[PDB]
Structure formats: C-alpha cells, structure tokens
Amino acid sequence: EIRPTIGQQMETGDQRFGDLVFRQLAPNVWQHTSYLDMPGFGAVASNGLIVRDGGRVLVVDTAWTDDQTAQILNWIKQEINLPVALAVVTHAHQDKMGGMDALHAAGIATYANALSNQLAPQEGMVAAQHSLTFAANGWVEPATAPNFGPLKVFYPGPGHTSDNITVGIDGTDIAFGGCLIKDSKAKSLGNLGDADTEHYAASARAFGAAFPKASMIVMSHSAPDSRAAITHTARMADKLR
Ligand SMILES: OCc1ccc(-c2cccc(O)c2-c2nnn[nH]2)cc1
Ligand SMILES: [Ca+2]
Ligand SMILES: [Zn+2]
Ligand SMILES: [Zn+2]
C-alpha cells in the first residue's frame, strides 16, 4: 500500500487503482486520491471528487500530474462507463490543476475561477478553458457555470490562496472545501506561502455558511470529516489575524 507521509492513509472502503485510491462517499459521489512523491519527504496525498449526474460524470480537481489524471479517467471508464461532461478545478496549484493537459486531451470542458486562470502561468499551471466569475457574496454567476447539475460553486474569499473556490454537491449532504479546509484534528493550516492570513478565518466561516446543512466536509488533504473541520480551521485561522 501507499502510506503517504502527509494526507490520510488507506482504510477499509478504499479501492487502489493504479497509483490512485478511490473511496465511495455516496451512491453518486466518489473521492479520488493521488500522491506526489516529494524529494526527501515521501508521498503527499491530495483529494478530489467524481460525481455521477444521470448519464454523465462531473469531476472536481485534477490529480497532481497528467498521468495520474489520465488514471482517474480510466477508473471512471471502468467503474462508471459514462462520459465526463466537465471538470471544476479549485485553485491554481499543482495538487488541483497539475493534470489539466490530461483533461484537455480527453476533450473534457474545464472550468476554474477567472483569477485561477489568470494566475495559472505564474503558478506553473495550464489554465482551464472556461472562467467562472463570482458575485459580491461569493456565489458563482450562473451564466459562467452552464449545465453544472448538482455542482454549486462558491468563492468564500481569500484563504489558502486568493483564488480558492469550494463546491457543494446538491442532492447530497456533501460539500468540498478543497485546500481551504483542514480536518477537525489538524495541527496546522498547511502551506501558507500563498495564503491571505488576514481573511482566512472569515473565508473558512463563509464556506460553512454557504453550505449550512452539509454534514460531510470533503477536503484536499484529510479524509472526509464533520463540520468541526470548518470550525477548527476557522479557529486556527483566528490566530493568524
Ligand atoms: O498539514 C498537512 C499538509 C501540509 C502541506 C500540504 C501542501 C503541500 C504542498 C503544497 C501545498 O499547497 C500544500 C497545501 N495545500 N493546502 N494547504 N497546504 C498539504 C497538507
Ligand atoms: Ca501538464
Ligand atoms: Zn493550494
Ligand atoms: Zn493543497
């Protein structure tokens, strides 16, 4: 088994597929996990989502690499055998956007915050092909998110990065905090190199208020948790202000 240095371990309910791990979270939602083997450190796990919406599939976040992302597409083909309509990527960092080329080669429409697309070159990423824009209260402008089905995109404010976005899964009790949210037992807020330490706490709380009835909080670097992930993240961030 892959025992990452950072990120959750493999537990019962997990399926190893190639270099990745998949975990079913709901009848129509799965978590993908991929690993970056860092020099002198070991593997760092990162999570995204796969959502079935009738006769199509929707993806949230790439894996760290193009090859790993192609493996996600192979898993979908094997296990679901439905086409991927679109992918939403949650900010311009390698764990979320490192595999854009694999999505594009597959002909999948990609979406990111306009700011993520603007930052992508400096961050060493390939931009998504479509830009999401947001209202003053953080909700996505619906005309920029056409045919998103159950994906409800929310920009909570600057936190882990200035561009980080979040996604609620309508028709479920799941919401995805990406890298903004850390689990309820987290020791740190992770890599703060690109973070907005002033606004982080309010952004974390804004994500909780946007999806007030989501009981299963999915995040990039821990297993799914309760709403205490939101509260605990915000309390850690209160110390940065
Ligand atoms: O404390 C656990 C932990 C520590 C570091 C990361 C991380 C690693 C590389 C790039 C990164 O952007 C990150 C990162 N993502 N979210 N927060 N830090 C992730 C999780
Ligand atoms: Ca690439
Ligand atoms: Zn990041
Ligand atoms: Zn991350």
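Positions are given from 1, in the same order as the sequence printed here. Every number for a ligand or one of its atoms is a count from 1 in the order of the listing. Atom set for the values below is all heavy atoms of this structure, side chains included, hydrogens, waters and symmetry mates excluded.
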Measure the acute angle between the ring planes of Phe17 and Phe22, then classify it against the limits of 30° and 60° as parallel, tilted or perpendicular.
->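 Ring orientation of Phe17 relative to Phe22: perpendicular.
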
Going by the angle between their ring planes, with limits at 30° and 60°, are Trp30 and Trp75 parallel, tilted or perpendicular?
->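 Judged by the thresholds at 30° and 60°, the geometry between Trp30 and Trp75 is perpendicular.
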
Which N, O or S atom of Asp101 lies nearest to the Ca ion (ligand 2), by name |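 Looking only at N, O and S atoms of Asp101, the one nearest the Ca ion (ligand 2) is named OD2.
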
The Ca ion (ligand 2) - closest N/O/S atom in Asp66 |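 Relative to the Ca ion (ligand 2), the closest nitrogen, oxygen or sulfur of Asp66 carries the name OD2.
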
Looking at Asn117, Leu119, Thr69, which hits side chain to side chain contact (heavy atoms under 4.5 Å, CB included) with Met97?
->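 Single side chain to side chain contact (heavy atoms under 4.5 Å, CB included) partner of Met97 among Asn117, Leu119, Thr69: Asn117.
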
Atom indices of ligand 1, in the order listed, that fall short of 4.0 Å to a heavy atom of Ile6 |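 Within the 4.0 Å cut-off of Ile6, ligand 1 contributes 2 (C), 3 (C), 20 (C).
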
Can you sort out which atoms of ligand 1 are near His160, meaning under 4.0 Å from one of its heavy atoms?
->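 So the answer, numbered in order with elements, is 12 (O), 14 (C), 15 (N), 16 (N), 17 (N), 18 (N).
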
Side chain, backbone, both or neither: which part of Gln94 has a heavy atom under 4.0 Å from ligand 1?
->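 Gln94 to ligand 1: no contact under 4.0 Å from either part.
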
Between the Zn ion (ligand 3) and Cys179, is there an N, O or S atom separated by less than 2.8 Å?
->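 No - counting backbone and side chain alike, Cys179 has no N, O or S atom under 2.8 Å.
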
Ring center gap for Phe134 and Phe154 short of 6.0 angstrom =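 No: the rings miss the under 6.0 Å criterion.
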
Could you tell me whether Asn191 and ligand 1 have an N or O pair separated by under 3.5 Å?
->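 Such a contact does occur with ligand 1.
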
Residue-ligand contact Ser188/ligand 1, heavy atom below 4.0 Å |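 The answer is yes, since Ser188 has a heavy atom less than 4.0 Å from ligand 1.
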
Run the contact test for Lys182 against ligand 1 with a 4.0 Å cut-off on heavy atoms, strictly below, and give the result.
->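 Flag set, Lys182 near ligand 1.
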
Begin from the C-alpha positions of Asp194 and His93 and carry the test side chain to side chain donor-acceptor pair (under 3.5 Å) through to its verdict.
-> CA-CA 10 Å; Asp194 286 9; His93 279 164; 2.9 Å; yes

Passing option when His221 is tested against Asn47, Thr33, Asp95 for side-chain hydrogen bond (donor to acceptor under 3.5 Å, both in side chains) |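 Of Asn47, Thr33, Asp95, side-chain hydrogen bond (donor to acceptor under 3.5 Å, both in side chains) with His221 is met by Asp95 alone.
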
Hey, does the side chain of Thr62 reach the backbone of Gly99 with a donor-acceptor pair shorter than 3.5 angstrom?
->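 Yes, the answer is positive, given that a donor and an acceptor are paired below the 3.5 Å cut-off.
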
Can you name the N/O/S atom of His93 that is nearest the Zn ion (ligand 3)?
->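 Considering only N, O and S atoms, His93 comes nearest to the Zn ion (ligand 3) through ND1.
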
